[PDB]
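The next block holds one structure in the form of structure tokens; read it before the comments.
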Amino acid sequence: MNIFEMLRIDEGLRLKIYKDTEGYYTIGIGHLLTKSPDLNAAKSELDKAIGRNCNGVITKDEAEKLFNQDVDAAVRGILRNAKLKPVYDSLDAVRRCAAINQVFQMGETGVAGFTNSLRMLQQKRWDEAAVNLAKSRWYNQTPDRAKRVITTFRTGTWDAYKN
Ligand SMILES: CCCc1ccccc1O
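The structure is reproduced here in structure tokens:
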């Protein structure tokens, strides 16, 4: 297991524009196109992203390309973030994948806020961190996924994905 395989399990692969768990237009491997309810605004974002007129459909290769960029951006975002970087840098590599997954799904606004969970993770109070993480809209909206990512944080193992 690695972060791509992890996110690919969590995000799926769809080649046609679809609405994600939040109702937002998305393609590929959880590549969010827009929060606009306008399908055309999503289609314009898709075409901008891919550099061609996709008419709401892309290839597997184009999906993996966006995905590569999205993962890379998630990491680079964490490393740019004063609240996140010290925590992420304190983690072993399996728990770092958990962090990337969370930021991929939620965005770095979305989690830089998780102050208590961040402190606990930094402290390596894994069971406590895991309890705190689940106390969230995140967990309640996507519990099956959040359970897997929390287990990754709690154990620093790939047990929740292995599978
Ligand atoms: C509760 C935050 C878990 C986390 C730690 C470090 C970087 C990104 C993360 O989402």
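For the record, in the sequence shown the residue sitting at position 133 is 133 according to the authors' numbering, with numbers rising by one throughout.
Yeah, the Cβ is synthetic: ideal placement off N, Cα and C, and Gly gets one too.
Among the candidates the options, whose CA atom is the shortest distance from the CA of residue i?
i	options	result
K60	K48, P37, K43 and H31	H31
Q122	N81, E128 and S90	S90
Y88	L118, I29 and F67	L118
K135	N116, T152 and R148	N116
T21	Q141, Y161, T152 and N163	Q141
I78	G110, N55 and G51	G110
Is the separation between the beta-carbon of residue i and that of residue j shorter than 8 angstroms?
i	j	result
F104	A74	yes
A112	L84	yes
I100	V57	no
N81	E108	yes
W138	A130	no
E11	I29	yes
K19	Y25	yes
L33	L46	yes
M1	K124	no
Taking DSSP's pairing of strands, which residues face residue i in a bridge?
i	result
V57	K16
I27	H31
Would you be able to state if there are at least three C-beta pairs under 8 angstroms between the region 94-103 and the region 147-156? yes
Is the region 3-10 touching the region 34-44, taking contact as three or more C-beta pairs under 8 angstroms? no
Unbroken alpha helix (DSSP H) runs of length 4 or more, entirely within the region 81-141: which are they? 85-90, 93-106, 109-112, 115-122, 126-134 and 137-141
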